[PDB]
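What follows is each chain in one-letter form.
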Amino acid sequence: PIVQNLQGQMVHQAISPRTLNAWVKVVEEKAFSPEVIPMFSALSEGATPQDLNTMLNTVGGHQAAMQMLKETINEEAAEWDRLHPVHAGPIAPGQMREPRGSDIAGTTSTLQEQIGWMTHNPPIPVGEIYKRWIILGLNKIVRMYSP
Amino acid sequence: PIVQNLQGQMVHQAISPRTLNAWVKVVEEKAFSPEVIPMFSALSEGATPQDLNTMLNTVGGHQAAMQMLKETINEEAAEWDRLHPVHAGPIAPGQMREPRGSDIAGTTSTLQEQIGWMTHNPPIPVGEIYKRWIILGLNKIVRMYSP
Amino acid sequence: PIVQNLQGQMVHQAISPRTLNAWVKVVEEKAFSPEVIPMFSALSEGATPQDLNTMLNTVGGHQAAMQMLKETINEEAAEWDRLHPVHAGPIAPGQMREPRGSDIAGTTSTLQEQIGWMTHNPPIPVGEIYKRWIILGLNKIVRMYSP
Amino acid sequence: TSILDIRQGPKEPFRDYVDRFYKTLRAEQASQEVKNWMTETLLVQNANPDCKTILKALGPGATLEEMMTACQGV
Amino acid sequence: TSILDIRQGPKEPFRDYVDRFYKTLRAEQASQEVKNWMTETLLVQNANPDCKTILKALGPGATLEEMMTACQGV
Amino acid sequence: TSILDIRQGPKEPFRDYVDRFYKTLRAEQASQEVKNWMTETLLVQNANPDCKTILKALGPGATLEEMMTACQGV
């Protein structure tokens, strides 16, 4: 995640193993139950896309759901690209590039790039955009997996 | 929560997973028992409204009680708005806006706004106002759930 | 691993026992399952070659696989040496030596040497080169150990 | 399971039923106004005859502690 | 176990089969286009006659929630 | 359960009863003066005849260690 250091700057720090394991354990115990979404939200505080793929990729089991989510993440990403067209002409030397759906999904962007966008002024909340897609896709799952 | 840093300022820091899990475990084990209220109170030390909705939203089970509480939180919030009318004329550029029942419930306010009110001079204790509503609503529950 | 200190420099710190044990436990529980690879990747964040041999050497069981991996690590290392020839003439006093496959595997290099390469400017990502060999060799294993 | 399929048993305490209701209501994502409509309507409708009778005597304006204490002996 | 060896039982819910499919598909490393081909093809082909019948009625263009809700009673 | 419903069994040690009393008293929220009234009154009143007899002999002014040691053999 990207956290604020004592000095008063935003720097990246790694997520903790008993945080990781707590994510694992939630999924083990409460599967598709709604409490998973606030839980997720708390444990995703200050998290990167990269950390969010890590959390999704580290799941075991419920592979039908994991595939449905993936496909929702790509749909929501396809929709990001649709709604926000690429911008006019070449990229400025003085500036950094606008993200695509795949940069938001973490796929085409690097960590330093993910830190550029979030730490820069104005900052862009690429975590929160992926977060809604995850929560939206979580609703899809919850609604389906209701019996 | 909003905690004091080493430098001597009040900054926000996230709540810990084994704190989260300790909140979960209390509820699992002691359900509606009175020891839940001091316990809550300790674990809510320096907590935001946002963190308090997180704690309430992460409950599983006892949904009749969770609904009774919600409805108590809104009643107490409706009462906040009643007792404290909005203030005269437009909001000053030099100042920040007075809270409503829904800002206290965390709903209409953002985190940075919740940090503005609490960290600013004079500070306003929007946690402690929600805390009484929670404790009051906890009494309602305890009294009902006595057999 | 090599981590950033508060002062703002990259220094080595040792890996933690409950990190070690978490590595052990993953292997115990999920053996050759694919979730092992993201898991590995997270727990290998900022890790040295030396720490990576430590992790491989501390395995118990699955010795056919452990040998297949070793032999993949040496093949990938032999390939490093092939693709990158040694450089022209004697090593400069002002400079430090280029790595070989065995320095990447951690074998011929010392820790201080592993810290020289990574911390120096430009830095060389000898972890990430070994990491791909490990992941590649993990694919070999996963594909074989599919039934 | 759908919210319409939530009903109170002939021997089931209301209490155990109300818990089931706000759990399933917890998996409905509809506007609050619709969920208010569901609350006043469906809960009583699928309540058992003995308690249903009881709840009709509370009239309208009733709140959950009073409903929950009202159908306790049933 | 190979992806061709993944098949639906005569009493096995489709759901439990689809889970097995994207787990084994999860251990295939092929190009995405090939994996798309596998998805539309092999899944239905090794599906049981009763559900297979059902899936033929969905036509093409169908998505996983609709397939998964379509073969639920089977 | 209501505080009036708290009573001592015919074979139940007083001690186990006094624990039940201040647990239920712990769920009463009344003024201290009322809760003092409940203490001196209801506790003895719902105490069993054998201990009740014992407690009558302690007279007034008695404190909990002396009541608790007084009804120990009963």
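See above for the structure.
(A) Main features of the overall build of chain D. When its secondary structure is counted, chain D shows four helices and zero strands. Ordered by position from the N terminus, the helices and strands of chain D form the series α-α-α-α. Whereas a compact globule of 74 residues would reach a radius of gyration of roughly 11 Å, chain D reaches 12 Å, a difference of no more than 12%. Each of the three principal axes of chain D carries a C-alpha extent, and together these read 35 × 25 × 15 Å.

(B) How the structure looks around the overall build of chain A. Within chain A one finds seven helices and two strands. The order of helices and strands in chain A, counted from the N terminus, is β-β-α-α-α-α-α-α-α. Over its C-alpha atoms, taken along the principal directions, chain A stretches across nearly 55 × 40 × 20 Å.

(C) Structural view of unusual backbone geometry. Residue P122(A) is bonded to the preceding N121(A) through a cis peptide linkage, with omega at -10°. You can see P122(A) is positioned in the loop between α6 (111-119) and α7 (126-145). The residue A31(B) is not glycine, and still its phi comes out positive at about 45°. Take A31(B): it is sitting in the loop between α1 (17-30) and α2 (36-43). Despite not being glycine, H62(C) shows a phi value in the positive range, around 45°. In this structure, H62(C) sits in the loop between α3 (49-57) and α4 (63-83).

(D) Molecular detail of the environment of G46(A). All names here are of chain A. Its location among the elements puts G46 in the loop between α2 (36-43) and α3 (49-57). When the C-alpha atoms of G46 and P1 are compared, they prove to be 5.4 Å apart, with 45 residues separating the residues in sequence. In this structure, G46 is in contact with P1 and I2, ignoring residues within four places of it in sequence.

What counts and how
Residues numbered from 1 in each chain as written, not as in the entry; some residues may be left out. Chains lettered and ligands numbered in written order. Part of a larger assembly, values for the part shown. Heavy atoms only, no water. Residues with missing side-chain atoms left out of burial classes, pairs and counts. Helix = DSSP H or I, 4+ residues; strand = E, 2+ residues; numbered from the N terminus. Rg over C-alpha atoms; globule rule 2.2 N^0.38 Å. Contact = heavy atoms within 4.5 Å.

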